[PDB]
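Participant: structure for this input, please:
(chains A, B, C, D, E, F, G, H, I, J, K and L, ligands or ions: 12)
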Amino acid sequence: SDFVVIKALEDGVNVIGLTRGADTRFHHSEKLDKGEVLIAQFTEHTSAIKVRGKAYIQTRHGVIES
Amino acid sequence: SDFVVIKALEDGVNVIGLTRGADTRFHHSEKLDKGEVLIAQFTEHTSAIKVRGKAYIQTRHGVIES
Amino acid sequence: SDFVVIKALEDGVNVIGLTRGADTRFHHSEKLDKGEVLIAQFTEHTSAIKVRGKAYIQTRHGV
Amino acid sequence: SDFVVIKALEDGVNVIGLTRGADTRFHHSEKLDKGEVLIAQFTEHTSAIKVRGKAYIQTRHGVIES
Amino acid sequence: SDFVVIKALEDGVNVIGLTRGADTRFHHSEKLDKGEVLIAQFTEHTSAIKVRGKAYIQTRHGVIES
Amino acid sequence: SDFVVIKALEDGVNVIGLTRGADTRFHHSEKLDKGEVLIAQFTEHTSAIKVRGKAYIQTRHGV
Amino acid sequence: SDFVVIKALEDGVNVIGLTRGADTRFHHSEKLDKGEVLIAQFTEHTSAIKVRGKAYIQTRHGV
Amino acid sequence: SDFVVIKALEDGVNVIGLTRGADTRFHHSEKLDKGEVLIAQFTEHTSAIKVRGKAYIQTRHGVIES
Amino acid sequence: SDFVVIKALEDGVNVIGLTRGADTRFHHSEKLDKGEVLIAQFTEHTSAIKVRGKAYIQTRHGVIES
Amino acid sequence: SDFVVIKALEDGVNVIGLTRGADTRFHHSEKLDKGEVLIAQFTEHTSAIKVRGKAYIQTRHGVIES
Amino acid sequence: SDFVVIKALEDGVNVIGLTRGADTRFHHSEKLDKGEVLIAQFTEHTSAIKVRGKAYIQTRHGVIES
Amino acid sequence: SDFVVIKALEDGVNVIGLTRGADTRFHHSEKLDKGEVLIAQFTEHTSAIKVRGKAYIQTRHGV
Ligand SMILES: N[C@@H](Cc1c[nH]c2ccccc12)C(=O)O
Ligand SMILES: N[C@@H](Cc1c[nH]c2ccccc12)C(=O)O
Ligand SMILES: N[C@@H](Cc1c[nH]c2ccccc12)C(=O)O
Ligand SMILES: N[C@@H](Cc1c[nH]c2ccccc12)C(=O)O
Ligand SMILES: N[C@@H](Cc1c[nH]c2ccccc12)C(=O)O
Ligand SMILES: N[C@@H](Cc1c[nH]c2ccccc12)C(=O)O
Ligand SMILES: N[C@@H](Cc1c[nH]c2ccccc12)C(=O)O
Ligand SMILES: N[C@@H](Cc1c[nH]c2ccccc12)C(=O)O
Ligand SMILES: N[C@@H](Cc1c[nH]c2ccccc12)C(=O)O
Ligand SMILES: N[C@@H](Cc1c[nH]c2ccccc12)C(=O)O
Ligand SMILES: N[C@@H](Cc1c[nH]c2ccccc12)C(=O)O
Ligand SMILES: N[C@@H](Cc1c[nH]c2ccccc12)C(=O)O
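Facilitator: Numbering: from 1, shown residues only, chains lettered A, B, ... in the order given. Ligands and ions are numbered 1, 2, ... in the order given. Below you will find the coordinate block:
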């Protein structure tokens, strides 16, 4: 059951969950300050994740460091 | 369930989800500005994903960049 | 479910979904201009995919 | 759920589906011109696939390039 | 379900499917001329496949050529 | 389901299917002439396979 | 079920469990002092985990 | 669903099936002459196999050549 | 089901299990003196494990020592 | 289901199956003379196998010889 | 279905099972003298295992030799 | 189901099966003399195995 690891590399990074279903809207925005990590799953409610700001991101497919 | 990772390499990248089913239309477009990342699942509503604009994309099959 | 990755290397590449079932016809053609990417699954409705135009294609079997 | 990748290397290549069941007959013939690719699954209706003409073919078992 | 890949190395190759069940007879023969390829599943009707003629054959177990 | 690959290296190779169940007898013998190939599955009806004659044989365990 | 490993490298590291469901709020914060280790699963109730403070973190994806 | 490969290296090799159940007795003995191969499964009726005589034997665990 | 391995590197190491569910409290603490080892599963009652004191810990993800 | 491979290195090797269940007794002993091989499954009746005499034994865990 | 291998390296080593459920208490203590081995599963009744004394311990995660 | 391989390196090695359930007691001890081999499964009835005496032991975790 897949998840994403997200480490903020600066202040005020946002990790935003988007709603599962016919409709797509942001249901929640988690704020990360520098060096804070968010380990976040895809779930019954979240089918897409947006990251804004400079962040090191780990997934099953590998790494993308801003 | 499988997911794509999309990082924007310029401003104004569109990640477009196509409806699952007999019919195919765009149901949602997500604008990504430079540096921003979207990780998006295939879902009971999205069976095809379309990226317009300069992107770095990881899937289960490998990298595809530009 | 398995999927294909198609990157258009010219304008007007067509990604064509053929119908699942006894009958085979196309039900949709997605057009990509140069540089655009389609990630497309096999589904309840699409059992074959035809790309026409120059494309870089990735599947579970390789490039 | 297995599939075959078929890339025509000349004009007028045919990819022919054969019917699943007691009876075997061609139910459909897809024409490929040079450089067109067909990614085709085995399905409830197709249990065999014939390719006529010069074609690069990819499957789980590897490659056969005419 | 598993499948065989047969490429004809001369004209007039026969790919023959044998009936699944208590009884065993040929139910279908597919003629392949030189260069042509058949990818054929084992099915609820075919439990044994027979190739006559010069062929290149790939299965899950490896190559067998001539 | 698992399968065997048999290539005949002489004329008149016999691929013999033995019956699944309490009783063991052959129910079928498929004959191959030199160069012919049989790919044969274990099935509801065949639980053992005997090859007689010179053959190159491939199974999941090797050659 | 998958889990995370968190080792605190300062005092007062917070391991925060965010709620599973339509609503997202924290339901618990576990505090670790320097050197302490939390191994924590994703559960029926926690679908996201935020670490705040300097920590060495291990997941199935690496360090 | 496990099987054993047995190749007789001399004349008059026996491959003997033993009965599954509380009771153990030989239910069948297959005779192999030199260079004959038997590919034999474990089944609802056979839970042990005995080989007598000089034989090359292949299983999941590797090879034992008399 | 997955488990952790904890070896105490000093006297007085605490292995604490946290309750699974909507609520989170300590339900049990296990004191380990130097040299002693605990292997503990995640369970229908414990969804998070906490180690205080100098420990060597192995999990499915690797070693973590001190 | 898993199986053991036993090759006799001398005459009079015994392969003994122990009953599965609350009780444990020998239910069958199979004499193997030198060179002979037994491949025997664990079954709904045999949950432990005992070899007396000089044997070469392969299991899923590796070789054990003498 | 996971298990732990435990080999006592001195006299009077204890392997203690702890109860599965809301409650945690020692339900059993197995005494090992030097060079005795215990191969012990996690079960419906045992969700944690404590080892006291100098012992070589093998699990899925590797080795810890006192 | 998983199993253990025990080869006795002296006379009178005991392979002891401990009972599965709330209660833990031995229900059986299989004795091996030098050179004898026991391959033994974990079962509905045996959840722990104790070897006493010098033995070479193989499990899924190694030797
Ligand atoms: N509401 C959409 C969210 C989504 C997932 N993947 C996407 C890809 C593109 C656009 C939107 C999406 C869905 O559940 O399907
Ligand atoms: N069949 C999908 C859309 C789709 C997937 N792959 C395709 C390839 C080409 C065209 C459309 C598609 C649907 O449910 O609508
Ligand atoms: N209508 C066909 C489409 C198809 C899938 N694979 C094929 C291979 C060859 C020809 C057609 C096909 C089907 O569902 O079966
Ligand atoms: N009607 C046949 C088609 C087929 C599949 N594999 C074959 C091999 C040989 C000949 C025919 C076939 C079937 O479904 O079984
Ligand atoms: N048992 C298959 C045919 C078959 C498979 N493998 C064989 C080997 C030898 C002879 C026949 C067979 C059937 O259903 O008829
Ligand atoms: N009639 C036997 C055929 C068989 C399978 N494997 C064997 C091994 C040895 C002897 C006979 C067999 C059965 O179904 O069980
Ligand atoms: N309440 C959210 C928590 C969450 C999980 N993954 C996320 C990713 C982004 C934002 C929030 C989340 C949910 O269960 O779906
Ligand atoms: N009747 C026995 C046959 C058997 C299988 N494995 C064995 C090992 C030893 C002795 C006999 C056996 C059974 O089904 O269990
Ligand atoms: N959600 C778990 C506890 C838990 C797991 N991971 C966490 C991370 C942070 C906080 C609490 C937790 C519970 O059932 O109570
Ligand atoms: N528990 C098995 C026998 C057994 C398996 N492993 C053991 C180890 C020791 C003693 C007995 C056993 C039975 O059903 O009887
Ligand atoms: N009674 C506890 C035992 C336990 C398992 N893992 C633990 C970790 C820490 C403390 C206690 C435990 C349970 O079944 O959950
Ligand atoms: N009666 C115990 C036997 C046991 C298995 N693993 C253990 C670990 C430690 C102590 C006892 C055990 C049980 O079934 O649970």
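Participant: list the beta-bridge partners for the residue nearest to the spatial centre of chain A.
Facilitator: The geometric centre of chain A, computed from its C-alpha atoms, lies nearest to residue A:15 (C-alpha atoms, centre = their mean), at 4.1 Å. Using DSSP bridges, the beta-bridge partners of residue A:15 come out as residue A:30, residue A:51.
Participant: quick one: contacts for it?
Facilitator: A:6, A:29, A:30, A:32, A:38, A:40, A:49, A:50, A:51 (C-beta atoms under 8 Å, 6 or more residues apart in numbering or on different chains). Where C-beta positions appear, they are placed from N, C-alpha and C, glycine not excepted.
Participant: of those, buried ones?
Facilitator: Among the contacts of residue A:15, those buried by neighbour count (16 or more other C-beta atoms under 10 Å in any protein chain shown) are A:6, A:30, A:32, A:38, A:40, A:49, A:50, A:51.
Participant: apart from its chain neighbours, what residue comes closest to the residue of chain A positioned farthest from its centre?
Facilitator: Counting by C-alpha atoms, centre = their mean, the extreme residue of chain A relative to its mean C-alpha position is residue A:22, 20.7 Å from that point. Across the structure, with C-beta to C-beta, 6 or more residues apart in numbering or on different chains as the measure, the residue nearest residue A:22 apart from its sequence neighbours is residue B:45 (5.6 Å).
Participant: please apply the same query to residue A:16.
Facilitator: Taking C-beta to C-beta, 6+ apart, and ignoring the residues beside it in sequence, residue A:16 has residue A:50 as its nearest neighbour in space, at 4.3 Å.
Participant: how about the one you found, what does it touch?
Facilitator: Applying C-beta under 8 Å, 6+ apart, the residues near residue A:50 are A:14, A:15, A:16, A:18, A:26, B:30, B:32, B:36, B:37, B:38.
Participant: from memory the fourth one sits against residue A:43, does it?
Facilitator: This means residue A:18. No: taking C-beta atoms under 8 Å as the definition, residue A:18 is not a contact partner of residue A:43, at 11.4 Å.
Participant: so where do the strands sit in chain A?
Facilitator: Assigned strands in chain A, in chain order: A:3-8, A:13-19, A:26-32, A:37-41, A:46-52, A:55-59, A:62-65 (criterion: DSSP state E).
Participant: turn those strands into CSV, columns for distance to residue K:10.
Facilitator: Shown next, in CSV, are the strands of chain A (distance: least, C-beta to C-beta, whole Å):
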stretch, distance to residue K:10
strand A:3-8, 43
strand A:13-19, 52
strand A:26-32, 50
strand A:37-41, 42
strand A:46-52, 53
strand A:55-59, 44
strand A:62-65, 46
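Participant: quick one: closest of those strands to ligand 9.
Facilitator: strand A:37-41 (9.1 Å; C-beta to the nearest ligand atom).
Participant: is any residue of that closest one near chain B?
Facilitator: No: judged by C-beta under 8 Å from any C-beta of the partner chain, strand A:37-41 makes no contact with chain B; its nearest approach is 9.5 Å.
Participant: can you say which of the strands of chain A is nearest to residue E:61?
Facilitator: For the strands of chain A, distance to residue E:61 was read as C-beta to C-beta. The smallest value, 32.8 Å, belongs to strand A:62-65.
Participant: mind listing what's buried in the closest one?
Facilitator: Here strand A:62-65 shows residue A:64 as buried, counting by 16+ other C-beta under 10 Å.
Participant: just confirm yes or no for that strand near chain B.
Facilitator: Yes: Strand A:62-65 lies in contact with chain B when judged by C-beta under 8 Å from any C-beta; the contacting residues are A:62, A:64.
Participant: and the contacts of that strand?
Facilitator: So strand A:62-65 is in contact with A:9, A:56, A:57, B:5, B:7, B:37, B:56, B:58, going by C-beta under 8 Å, 6+ apart.
Participant: partner strands of it and their direction?
Facilitator: Strand partners for strand A:62-65, identified by DSSP bridges, are recorded as strand A:55-59 (antiparallel).
Participant: for the partner strand, buried residues please.
Facilitator: A:55, A:57, A:58, A:59.
Participant: closest to chain I among those residues?
Facilitator: Sorting the buried residues of strand A:55-59 by distance to chain I puts residue A:58 at the head of the list, at 12.8 Å, by C-beta to the nearest C-beta.
Participant: who touches that closest one in this structure?
Facilitator: For residue A:58, counting by C-beta under 8 Å, 6+ apart, the contacting residues are A:4, A:5, A:6, A:7, G:59, G:61, G:62.
Participant: most proximal residue of chain A with respect to ligand 3?
Facilitator: Distance from ligand 3 to each residue of chain A (C-beta to the nearest ligand atom) is smallest for residue A:22, at 26.5 Å.
Participant: give me phi/psi at that residue?
Facilitator: The phi and psi torsions at residue A:22 (degrees, to the nearest 10) take the values phi -60, psi -40.
Participant: against ligand 7, how distant is it?
Facilitator: Counting by C-beta to the nearest ligand atom, to the nearest Å, the separation of residue A:22 from ligand 7 is 17 Å.
Participant: measure that residue to chain F for me?
Facilitator: Distance, residue A:22 to chain F, using C-beta to the nearest C-beta, to the nearest Å: 41 Å.
Participant: for whichever residue of chain A sits closest to chain F, list the residues it contacts.
Facilitator: Using C-beta to the nearest C-beta, the single residue of chain A nearest to chain F is residue A:60, 29.7 Å away. Shown in contact with residue A:60 (C-beta under 8 Å, 6+ apart): A:2, B:60, G:61.
Participant: neighbours around the residue in chain A positioned nearest to ligand 11, how many?
Facilitator: Distances between chain A and ligand 11 by C-beta to the nearest ligand atom are smallest at residue A:39, namely 20.9 Å. Residue A:39 has 26 neighbours, counted by other C-beta atoms under 10 Å in any protein chain shown.
Participant: now it: closest residue in space, sequence neighbours ignored.
Facilitator: Excluding the flanking residues, the one nearest residue A:39 by C-beta to C-beta, 6+ apart is residue G:49, at 4.5 Å.
Participant: still on that earlier bit, and ligand 11, which of the contacts of strand A:62-65 contact it?
Facilitator: With the criterion set as C-beta under 6 Å from any ligand atom, no member of the contacts of strand A:62-65 is near ligand 11.
Participant: reformat those as CSV; add distance to ligand 3.
Facilitator: Shown next, in CSV, are the contacts of strand A:62-65 (distance: C-beta to the nearest ligand atom, whole Å):
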residue, distance to ligand 3
A:9, 46
A:56, 42
A:57, 37
B:5, 29
B:7, 34
B:37, 35
B:56, 32
B:58, 28
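Participant: which one of those residues sits closest to chain H?
Facilitator: Sorting these by how near they are to chain H, with C-beta to the nearest C-beta, puts residue B:58 at the top with 36.8 Å.
Participant: quick check: bridge partners of that closest one?
Facilitator: residue B:5, residue B:63.
Participant: and stretch A:35-55, how far apart are its ends?
Facilitator: 9 Å (C-alpha to C-alpha, to the nearest Å).
Participant: now do stretch A:59-66
Facilitator: In terms of C-alpha to C-alpha, the two terminal residues of stretch A:59-66 are separated by 14 Å.
Participant: chain center to it, what's the gap?
Facilitator: Put simply, stretch A:59-66 sits 12 Å off its chain's centre (C-alpha atoms, centre = their mean, to the nearest Å).
Participant: OK, now which residue of chain A is nearest to chain E?
Facilitator: Relative to chain E, the nearest point of chain A is residue A:60 (26.7 Å; C-beta to the nearest C-beta).
Participant: look up phi and psi at that residue.
Facilitator: Backbone dihedrals for residue A:60, given as degrees, to the nearest 10, come out at phi -40, psi -40.
Participant: tell me the contacts of the closest residue to ligand 6 within chain A?
Facilitator: The shortest separation between chain A and ligand 6 is 41.4 Å, found at residue A:1 (distances taken as C-beta to the nearest ligand atom). With contact taken as C-beta under 8 Å, 6+ apart, residue A:1 is in contact with A:41, A:42, G:1, G:2, G:42.
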